[PDB]
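Have a look at upload.cif; it's mmCIF, C-alpha atoms:
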data_coords
loop_
_atom_site.group_PDB
_atom_site.id
_atom_site.type_symbol
_atom_site.label_atom_id
_atom_site.label_comp_id
_atom_site.auth_asym_id
_atom_site.auth_seq_id
_atom_site.Cartn_x
_atom_site.Cartn_y
_atom_site.Cartn_z
ATOM 1 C CA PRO A 308 20.442 -24.464 14.006
ATOM 2 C CA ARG A 309 18.412 -27.094 12.103
ATOM 3 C CA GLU A 310 18.817 -27.616 8.363
ATOM 4 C CA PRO A 311 15.969 -26.243 6.206
ATOM 5 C CA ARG A 312 13.792 -28.776 4.398
ATOM 6 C CA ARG A 313 11.577 -28.838 1.322
ATOM 7 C CA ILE A 314 7.996 -30.004 1.871
ATOM 8 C CA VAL A 315 5.577 -30.478 -1.031
ATOM 9 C CA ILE A 316 1.889 -30.568 -0.208
ATOM 10 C CA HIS A 317 -1.293 -30.589 -2.249
ATOM 11 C CA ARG A 318 -4.188 -28.276 -1.524
ATOM 12 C CA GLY A 319 -7.431 -29.861 -0.440
ATOM 13 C CA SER A 320 -10.941 -28.662 0.394
ATOM 14 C CA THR A 321 -9.648 -27.214 3.692
ATOM 15 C CA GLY A 322 -6.612 -25.529 2.152
ATOM 16 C CA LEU A 323 -3.136 -26.600 3.194
ATOM 17 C CA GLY A 324 -4.122 -27.518 6.744
ATOM 18 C CA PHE A 325 -2.047 -25.197 8.920
ATOM 19 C CA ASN A 326 -2.241 -21.723 10.367
ATOM 20 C CA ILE A 327 0.524 -19.121 10.706
ATOM 21 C CA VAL A 328 1.504 -16.330 13.087
ATOM 22 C CA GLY A 329 4.251 -13.721 12.968
ATOM 23 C CA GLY A 330 5.352 -11.497 10.137
ATOM 24 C CA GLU A 331 5.779 -8.387 12.305
ATOM 25 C CA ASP A 332 8.385 -6.739 14.531
ATOM 26 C CA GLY A 333 11.208 -8.851 13.095
ATOM 27 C CA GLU A 334 9.360 -12.108 13.805
ATOM 28 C CA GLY A 335 9.211 -14.392 10.775
ATOM 29 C CA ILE A 336 6.274 -16.497 9.615
ATOM 30 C CA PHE A 337 5.738 -19.456 11.947
ATOM 31 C CA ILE A 338 3.427 -22.454 11.876
ATOM 32 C CA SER A 339 1.154 -22.219 14.940
ATOM 33 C CA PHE A 340 -1.359 -25.006 14.207
ATOM 34 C CA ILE A 341 -1.572 -28.225 12.197
ATOM 35 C CA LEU A 342 -5.069 -29.394 11.278
ATOM 36 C CA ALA A 343 -5.435 -33.097 12.054
ATOM 37 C CA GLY A 344 -5.734 -35.120 8.863
ATOM 38 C CA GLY A 345 -4.881 -32.217 6.574
ATOM 39 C CA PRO A 346 -2.106 -31.941 4.002
ATOM 40 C CA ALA A 347 0.446 -30.395 6.355
ATOM 41 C CA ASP A 348 -0.327 -33.024 8.994
ATOM 42 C CA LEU A 349 0.046 -35.922 6.536
ATOM 43 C CA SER A 350 3.373 -34.592 5.200
ATOM 44 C CA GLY A 351 5.028 -36.006 8.317
ATOM 45 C CA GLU A 352 7.351 -33.004 8.238
ATOM 46 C CA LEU A 353 5.649 -29.663 8.922
ATOM 47 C CA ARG A 354 5.144 -28.863 12.599
ATOM 48 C CA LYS A 355 4.404 -26.053 15.025
ATOM 49 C CA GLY A 356 7.558 -24.001 15.413
ATOM 50 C CA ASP A 357 8.650 -24.278 11.799
ATOM 51 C CA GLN A 358 9.518 -20.966 10.193
ATOM 52 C CA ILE A 359 8.253 -20.751 6.610
ATOM 53 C CA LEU A 360 11.204 -19.400 4.660
ATOM 54 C CA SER A 361 9.612 -19.544 1.210
ATOM 55 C CA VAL A 362 6.516 -20.666 -0.686
ATOM 56 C CA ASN A 363 6.992 -21.674 -4.336
ATOM 57 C CA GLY A 364 10.240 -19.685 -4.284
ATOM 58 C CA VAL A 365 8.660 -16.494 -2.884
ATOM 59 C CA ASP A 366 10.858 -15.302 -0.031
ATOM 60 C CA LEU A 367 8.870 -14.890 3.190
ATOM 61 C CA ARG A 368 11.707 -14.217 5.638
ATOM 62 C CA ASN A 369 10.722 -10.546 5.965
ATOM 63 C CA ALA A 370 7.126 -10.670 4.690
ATOM 64 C CA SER A 371 4.049 -9.443 6.567
ATOM 65 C CA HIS A 372 1.406 -11.859 7.842
ATOM 66 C CA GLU A 373 -0.980 -10.788 5.076
ATOM 67 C CA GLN A 374 1.737 -11.174 2.431
ATOM 68 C CA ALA A 375 2.407 -14.722 3.662
ATOM 69 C CA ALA A 376 -1.288 -15.627 3.701
ATOM 70 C CA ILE A 377 -1.610 -14.291 0.139
ATOM 71 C CA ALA A 378 1.473 -16.216 -0.958
ATOM 72 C CA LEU A 379 -0.018 -19.438 0.457
ATOM 73 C CA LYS A 380 -3.397 -18.778 -1.192
ATOM 74 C CA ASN A 381 -1.888 -17.999 -4.599
ATOM 75 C CA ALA A 382 0.546 -20.950 -4.557
ATOM 76 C CA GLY A 383 -1.943 -23.115 -6.465
ATOM 77 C CA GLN A 384 -2.737 -26.777 -6.158
ATOM 78 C CA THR A 385 0.884 -27.916 -5.580
ATOM 79 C CA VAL A 386 2.678 -25.989 -2.836
ATOM 80 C CA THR A 387 6.435 -26.254 -2.204
ATOM 81 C CA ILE A 388 7.403 -24.929 1.224
ATOM 82 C CA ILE A 389 10.917 -24.369 2.498
ATOM 83 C CA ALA A 390 10.754 -24.576 6.277
ATOM 84 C CA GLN A 391 13.258 -24.544 9.117
ATOM 85 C CA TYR A 392 12.388 -25.820 12.576
ATOM 86 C CA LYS A 393 13.162 -22.990 15.030
ATOM 87 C CA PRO A 394 11.520 -23.931 18.350
ATOM 88 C CA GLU A 395 13.646 -21.622 20.490
ATOM 89 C CA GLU A 396 12.559 -18.475 18.602
ATOM 90 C CA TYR A 397 9.002 -19.650 18.097
ATOM 91 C CA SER A 398 8.530 -20.074 21.824
ATOM 92 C CA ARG A 399 9.977 -16.633 22.560
ATOM 93 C CA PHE A 400 7.521 -14.939 20.200
ATOM 94 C CA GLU A 401 4.376 -17.029 20.837
#

Translate the structure of the given file into C-alpha cells.
Amino acid sequence: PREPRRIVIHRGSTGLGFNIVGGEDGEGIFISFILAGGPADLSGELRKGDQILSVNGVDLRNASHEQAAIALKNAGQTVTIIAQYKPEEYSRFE
C-alpha cells in the first residue's frame, strides 16, 4: 500500500478539475479524469487511480457516487482532499 496524502486545492470556474467513478458495490470513490490546467492537475499530486478517502473531513470510504459529488460541491472554495493512490484496485474496477 501507498501512504495517504493531503491535497489542498482551490475551486475555480470549472470546479475542482477532476471527475470521479465508483461509490457502489464496495468500490470506493476513484479519480477517473484530470482536466488539463485545472486545480487538481496543477496540484502535482492528484491522479487517476487515487481513491478519495475524505473531503474536508467527510468520510467517503463507503459513500455513494452522488454523496461524493455532493461532498465535493459543498466543500466550498478551499477543498482539502485525503487521497491514497490505489492503481491495482482502480484498474480492476474501471

Atom pair CA of residue 341 (chain A) / CA of residue 367 (chain A): separation (Å): 19.2 Å

If you apply the PyMOL selection byres ((chain A and resi 331) around 9) to this file, what residues do you get, as an MDAnalysis selection string? chainID A and resid 329:330 332:336 369:372

Selected by the PyMOL selection byres ((chain A and resi 321) around 12) in the shown coordinates: which residues, as a ChimeraX atom specification? /A:317-320,322-326,341-347,380

With C-alpha atoms retained, could you export that selection as a short mmCIF file (atom, residue, chain, number, x, y, z; two decimals), in the coordinates of the input?
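Printed below is selection16.cif as written:
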data_model
loop_
_atom_site.label_atom_id
_atom_site.label_comp_id
_atom_site.auth_asym_id
_atom_site.auth_seq_id
_atom_site.Cartn_x
_atom_site.Cartn_y
_atom_site.Cartn_z
CA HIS A 317 -1.29 -30.59 -2.25
CA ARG A 318 -4.19 -28.28 -1.52
CA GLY A 319 -7.43 -29.86 -0.44
CA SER A 320 -10.94 -28.66 0.39
CA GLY A 322 -6.61 -25.53 2.15
CA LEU A 323 -3.14 -26.60 3.19
CA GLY A 324 -4.12 -27.52 6.74
CA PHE A 325 -2.05 -25.20 8.92
CA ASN A 326 -2.24 -21.72 10.37
CA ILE A 341 -1.57 -28.22 12.20
CA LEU A 342 -5.07 -29.39 11.28
CA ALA A 343 -5.44 -33.10 12.05
CA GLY A 344 -5.73 -35.12 8.86
CA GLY A 345 -4.88 -32.22 6.57
CA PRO A 346 -2.11 -31.94 4.00
CA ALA A 347 0.45 -30.40 6.36
CA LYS A 380 -3.40 -18.78 -1.19
#

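For the atom pair formed by CA of residue 337 (chain A) and CA of residue 395 (chain A), the distance is 11.8 Å, given to one decimal.
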
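Our summary of the geometry notes that CA of residue 401 (chain A) is positioned 11.9 Å from CA of residue 340 (chain A).
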
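Applied to the shown file, the PyMOL selection byres ((chain A and resi 352) around 10) selects the residues residues 312, 313, 314, 315, 347, 348, 349, 350, 351, 353, 354, 357, 390 and 392 of chain A.
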
Please save C-alpha atoms of the selected residues as a short mmCIF file (atom, residue, chain, number, x, y, z; two decimals), in the frame of the given file.
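Output saved as out.cif:
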data_model
loop_
_atom_site.label_atom_id
_atom_site.label_comp_id
_atom_site.auth_asym_id
_atom_site.auth_seq_id
_atom_site.Cartn_x
_atom_site.Cartn_y
_atom_site.Cartn_z
CA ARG A 312 13.79 -28.78 4.40
CA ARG A 313 11.58 -28.84 1.32
CA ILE A 314 8.00 -30.00 1.87
CA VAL A 315 5.58 -30.48 -1.03
CA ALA A 347 0.45 -30.40 6.36
CA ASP A 348 -0.33 -33.02 8.99
CA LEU A 349 0.05 -35.92 6.54
CA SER A 350 3.37 -34.59 5.20
CA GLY A 351 5.03 -36.01 8.32
CA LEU A 353 5.65 -29.66 8.92
CA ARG A 354 5.14 -28.86 12.60
CA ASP A 357 8.65 -24.28 11.80
CA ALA A 390 10.75 -24.58 6.28
CA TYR A 392 12.39 -25.82 12.58
#

(8.2, -27.1, 18.2) in this file's frame - what residues fall within 6 Å of it? Use only C-alpha atoms and give the answer as a VMD selection string. chain A and resid 355 to 356 394

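Residues in contact range of residue 381 (chain A), defined as at most 12 Å between all atoms listed in the file, with sequence neighbours fewer than 3 positions away removed, read residues 318, 322, 323, 362, 363, 365, 374, 375, 376, 377, 378, 384, 385, 386 and 387 of chain A.
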
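Comparing the minimum interatomic distances between residue 361 (chain A) and each of A:383, A:399, A:328, A:311, counting only C-alpha atoms, we find that A:311 sits nearest.
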
Have a look at A:310, A:358, A:379, A:316 and name the one nearest to residue 396 (chain A); count only C-alpha atoms. A:358

How big is the axis-aligned box, and where does its centre sit, when it encloses all atoms of region 330-348 of chain A listed in the file and has 8 Å added on every side, reported in Å to one decimal as JSON?
{"center_x": 2.7, "center_y": -20.9, "center_z": 9.5, "size_x": 32.9, "size_y": 44.4, "size_z": 26.9}

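Ranking A:339, A:308, A:360, A:382 by their shortest atom-to-atom distance to residue 400 (chain A), with all atoms listed in the file included, puts A:339 first.
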